[PDB]
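Pasted below: input-v2.csv, CSV, C-alpha atoms.
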```csv
chain,number,residue,atom,x,y,z
P,5,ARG,CA,-6.3,11.8,14.9
P,6,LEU,CA,-3.4,9.9,13.2
P,7,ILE,CA,-3.6,7.4,16.0
P,8,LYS,CA,-7.3,7.1,15.6
P,9,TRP,CA,-7.0,6.6,11.9
P,10,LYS,CA,-4.5,3.9,12.8
P,11,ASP,CA,-6.8,1.9,15.1
P,12,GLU,CA,-9.7,2.3,12.7
P,13,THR,CA,-7.4,1.0,10.0
P,14,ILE,CA,-6.3,-2.0,12.1
P,15,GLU,CA,-9.9,-2.8,12.9
P,16,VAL,CA,-10.9,-3.0,9.2
P,17,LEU,CA,-7.9,-5.2,8.4
P,18,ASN,CA,-8.7,-7.6,11.3
P,19,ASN,CA,-12.4,-7.8,10.2
P,20,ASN,CA,-11.7,-8.8,6.5
P,21,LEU,CA,-8.1,-10.2,6.3
P,22,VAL,CA,-5.9,-12.5,8.4
P,23,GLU,CA,-2.6,-11.3,9.8
P,24,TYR,CA,0.5,-13.3,9.1
P,25,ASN,CA,4.2,-13.1,9.9
P,26,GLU,CA,6.1,-12.3,6.7
P,27,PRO,CA,9.6,-13.7,6.5
P,28,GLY,CA,12.2,-11.0,7.4
P,29,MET,CA,9.8,-8.5,9.0
P,30,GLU,CA,10.7,-9.5,12.5
P,31,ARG,CA,13.8,-7.4,11.9
P,32,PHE,CA,11.6,-4.3,11.7
P,33,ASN,CA,9.3,-4.6,14.7
P,34,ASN,CA,11.6,-2.8,17.2
P,35,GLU,CA,9.9,-1.3,20.3
P,36,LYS,CA,12.9,1.1,20.9
P,37,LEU,CA,12.6,2.7,17.5
P,38,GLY,CA,8.8,2.9,17.6
P,39,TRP,CA,8.8,0.7,14.5
P,40,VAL,CA,5.8,-1.6,14.0
P,41,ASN,CA,5.3,-3.6,10.8
P,42,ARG,CA,2.2,-5.8,10.3
P,43,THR,CA,0.9,-7.7,7.3
P,44,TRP,CA,-2.4,-9.3,6.4
P,45,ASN,CA,-3.8,-11.2,3.4
P,46,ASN,CA,-6.8,-13.1,2.2
P,47,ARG,CA,-7.9,-15.0,-0.9
P,48,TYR,CA,-8.3,-11.8,-2.9
P,49,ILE,CA,-5.4,-9.6,-1.4
P,50,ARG,CA,-2.0,-11.3,-1.4
P,51,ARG,CA,-0.4,-8.6,0.7
P,52,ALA,CA,-1.6,-5.8,3.0
P,53,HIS,CA,1.2,-4.0,4.9
P,54,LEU,CA,0.9,-1.5,7.7
P,55,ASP,CA,4.2,0.3,8.5
P,56,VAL,CA,4.0,2.7,11.5
P,57,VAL,CA,6.9,4.7,13.0
P,58,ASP,CA,6.0,6.2,16.4
P,59,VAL,CA,8.9,8.4,17.3
P,60,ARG,CA,7.5,11.4,19.2
P,61,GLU,CA,10.5,11.9,21.5
P,64,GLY,CA,9.6,14.0,17.3
P,65,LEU,CA,7.8,12.6,14.3
P,66,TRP,CA,5.1,10.0,13.4
P,67,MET,CA,4.5,8.4,10.0
P,68,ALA,CA,2.5,5.5,8.6
P,69,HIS,CA,2.5,3.5,5.4
P,70,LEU,CA,-0.3,1.3,4.2
P,71,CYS,CA,-0.3,-0.7,0.9
P,72,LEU,CA,-2.5,-3.4,-0.5
P,73,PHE,CA,-1.6,-5.7,-3.5
P,74,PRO,CA,-4.4,-7.8,-5.0
P,75,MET,CA,-4.0,-11.5,-5.8
P,76,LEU,CA,-2.2,-12.6,-9.0
P,77,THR,CA,-5.2,-13.3,-11.2
P,78,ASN,CA,-6.6,-9.8,-10.3
P,79,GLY,CA,-5.9,-6.8,-12.4
P,80,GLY,CA,-7.1,-4.2,-9.9
P,81,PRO,CA,-5.3,-1.1,-8.7
P,82,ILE,CA,-3.1,-0.8,-5.5
P,83,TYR,CA,-4.4,0.9,-2.4
P,84,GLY,CA,-1.7,3.2,-1.1
P,85,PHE,CA,-1.8,5.6,1.8
P,86,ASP,CA,1.3,7.4,3.1
P,87,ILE,CA,1.2,10.1,5.8
P,88,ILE,CA,4.1,11.9,7.4
P,89,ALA,CA,3.3,14.6,10.0
P,90,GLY,CA,4.8,13.9,13.3
P,91,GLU,CA,3.4,16.7,15.6
P,92,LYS,CA,1.7,20.0,15.0
P,93,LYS,CA,1.9,19.7,11.2
P,94,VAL,CA,1.2,17.3,8.3
P,95,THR,CA,4.1,17.6,5.9
P,96,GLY,CA,3.4,14.8,3.5
P,97,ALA,CA,0.2,13.0,2.5
P,98,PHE,CA,-0.4,10.6,-0.4
P,99,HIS,CA,-3.3,8.3,-1.3
P,100,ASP,CA,-4.9,6.8,-4.5
P,101,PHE,CA,-5.8,3.5,-6.1
P,102,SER,CA,-2.8,3.2,-8.4
P,103,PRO,CA,-3.7,1.1,-11.5
P,107,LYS,CA,-4.5,0.9,-18.0
P,108,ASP,CA,-8.2,1.4,-17.2
P,109,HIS,CA,-10.0,-0.3,-14.3
P,110,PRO,CA,-13.4,0.3,-12.7
P,111,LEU,CA,-12.2,0.4,-9.1
P,112,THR,CA,-9.9,3.3,-9.9
P,113,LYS,CA,-12.6,5.4,-11.6
P,114,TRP,CA,-14.6,4.8,-8.4
P,115,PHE,CA,-12.8,7.1,-6.0
P,151,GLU,CA,-7.3,20.1,12.0
P,152,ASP,CA,-9.9,19.7,9.3
P,153,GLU,CA,-8.0,18.6,6.2
P,154,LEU,CA,-6.6,15.9,8.5
P,155,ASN,CA,-10.1,15.0,9.6
P,156,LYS,CA,-11.5,14.4,6.1
P,157,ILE,CA,-8.4,12.7,4.6
P,158,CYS,CA,-8.3,10.1,7.4
P,159,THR,CA,-12.1,9.5,7.2
P,160,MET,CA,-11.7,9.0,3.5
P,161,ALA,CA,-8.7,6.7,3.7
P,162,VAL,CA,-10.5,4.6,6.4
P,163,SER,CA,-13.7,4.5,4.3
P,164,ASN,CA,-11.8,4.1,1.0
P,165,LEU,CA,-10.1,1.1,2.6
P,166,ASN,CA,-13.3,-0.7,3.7
P,167,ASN,CA,-14.6,-0.1,0.2
P,168,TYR,CA,-11.4,-1.3,-1.5
P,169,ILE,CA,-11.5,-4.6,0.4
P,170,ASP,CA,-15.0,-5.1,-0.8
P,171,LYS,CA,-14.8,-4.1,-4.5
P,172,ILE,CA,-11.4,-5.7,-5.3
P,173,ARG,CA,-13.1,-9.1,-4.8
P,174,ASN,CA,-15.2,-8.5,-7.9
P,175,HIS,CA,-12.0,-8.7,-10.1
P,176,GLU,CA,-10.7,-12.1,-9.3
P,177,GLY,CA,-9.8,-14.0,-12.5
P,178,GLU,CA,-10.0,-11.1,-14.9
P,179,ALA,CA,-6.3,-11.1,-15.7
P,180,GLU,CA,-3.4,-13.5,-16.6
P,181,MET,CA,-0.9,-14.3,-13.8
P,182,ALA,CA,2.2,-13.3,-15.8
P,183,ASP,CA,0.9,-9.8,-16.7
P,184,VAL,CA,-0.3,-9.2,-13.1
P,185,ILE,CA,3.1,-10.0,-11.7
P,186,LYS,CA,4.7,-7.7,-14.2
P,187,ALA,CA,2.3,-4.9,-13.4
P,188,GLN,CA,2.7,-5.1,-9.6
P,189,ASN,CA,6.5,-5.4,-9.8
P,190,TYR,CA,6.8,-2.4,-12.1
P,191,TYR,CA,4.9,-0.5,-9.4
P,192,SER,CA,7.3,-1.8,-6.8
P,193,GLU,CA,10.4,-0.9,-8.9
P,194,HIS,CA,9.3,2.7,-9.3
P,195,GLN,CA,8.3,3.1,-5.6
P,196,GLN,CA,11.2,1.1,-4.0
P,197,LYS,CA,13.5,3.9,-5.2
P,201,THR,CA,11.5,7.0,1.3
P,202,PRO,CA,15.1,6.8,2.4
P,203,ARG,CA,15.1,10.4,3.4
P,204,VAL,CA,12.0,10.3,5.5
P,205,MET,CA,13.2,7.0,7.1
P,206,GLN,CA,16.5,8.8,7.8
P,207,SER,CA,14.3,11.7,9.1
P,208,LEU,CA,12.5,9.2,11.4
P,209,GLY,CA,15.9,8.2,12.8
P,210,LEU,CA,16.0,4.6,11.6
P,211,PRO,CA,19.4,2.9,11.2
P,212,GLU,CA,20.8,3.2,7.7
P,213,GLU,CA,21.4,-0.6,7.5
P,214,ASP,CA,17.8,-1.4,8.5
P,215,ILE,CA,16.5,1.2,5.9
P,216,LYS,CA,18.3,-0.5,3.0
P,217,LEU,CA,17.2,-3.9,4.4
P,218,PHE,CA,13.6,-2.8,4.8
P,219,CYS,CA,13.2,-0.9,1.6
P,220,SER,CA,14.5,-3.8,-0.5
P,221,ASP,CA,13.0,-6.9,1.1
P,222,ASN,CA,9.9,-6.1,3.2
P,223,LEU,CA,8.4,-2.9,1.6
P,224,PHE,CA,7.3,-3.7,-1.9
P,225,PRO,CA,8.6,-7.3,-2.3
P,226,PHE,CA,8.8,-8.9,-5.8
P,227,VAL,CA,6.8,-12.1,-6.4
P,228,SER,CA,8.3,-15.2,-7.9
```
Just dump the structure as structure tokens.
Amino acid sequence: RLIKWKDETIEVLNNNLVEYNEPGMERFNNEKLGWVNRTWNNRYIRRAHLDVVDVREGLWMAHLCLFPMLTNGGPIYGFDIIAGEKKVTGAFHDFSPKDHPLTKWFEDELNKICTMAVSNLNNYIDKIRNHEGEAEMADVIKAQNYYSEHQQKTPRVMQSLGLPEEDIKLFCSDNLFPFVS
């Protein structure tokens, strides 16, 4: 089901955004560590990042975050699931925002959660468009960074996933919630 939610997630991103190679991320697509990191963007979403660790030899985690463009004041789609096998230990999801309309709009528990996240994504990519230009660039940068500061400081789960300590500090600081100029 986690793999299904992943393919459904990738299909949505391919149908609305365009994939690009973010500088530095090539250091974190390692087939031996089951590490895949992929980023998309479009006019309305500056960054959409899919981080998947497939290490069932035994855990399995995924991270998905979407930042809107810099004149938009919309929330941040965020979905984080760590389960591995036989059990879902951690699950997180919301449209982290101030007040905003898109926020106000909002093996069974794994079935519904994944269906929601997949359907909440398709709906996020649609409604976020309606908020282009409603904010000033400086304040949007400040808001998104403040979210990146508080969420950059993960290391334990990545240590749990068996990722090198050096790559962890490299990934968490430069290619997870990057700051914008």
Nearest candidate to residue P:171 (options P:57, P:6, P:111, P:88; using all atoms listed in the file):
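The answer is P:111, which sits nearest to residue P:171.
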Report as a list in words all protein, DNA and RNA residues lying within 9 Å of stretch 90-94 of chain P, evaluated on all atoms listed in the file, omitting residues in the same chain fewer than 6 positions from it.
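Near stretch 90-94 of chain P, the qualifying residues are residues 58, 59, 60, 64, 65, 66, 67 and 154 of chain P.
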Work out how far apart atom CA of residue P:48 and atom CA of residue P:220 are and give it in Å to one decimal.
24.3 Å
Between atom CA of residue P:86 and atom CA of residue P:69, measure the distance and give it in Å to one decimal.
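Rounded to one decimal, the two atoms are 4.7 Å apart.
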Tell me, as a ChimeraX atom specification, which residues lie within 9 Å of residue P:157, counting all atoms listed in the file; anything in the same chain fewer than 4 positions away does not count.
/P:97,99,152-153,161-162
Rank P:203, P:47, P:42, P:53 by their smallest atom-to-atom distance to residue P:76, using only C-alpha atoms, and report the top residue only.
P:47
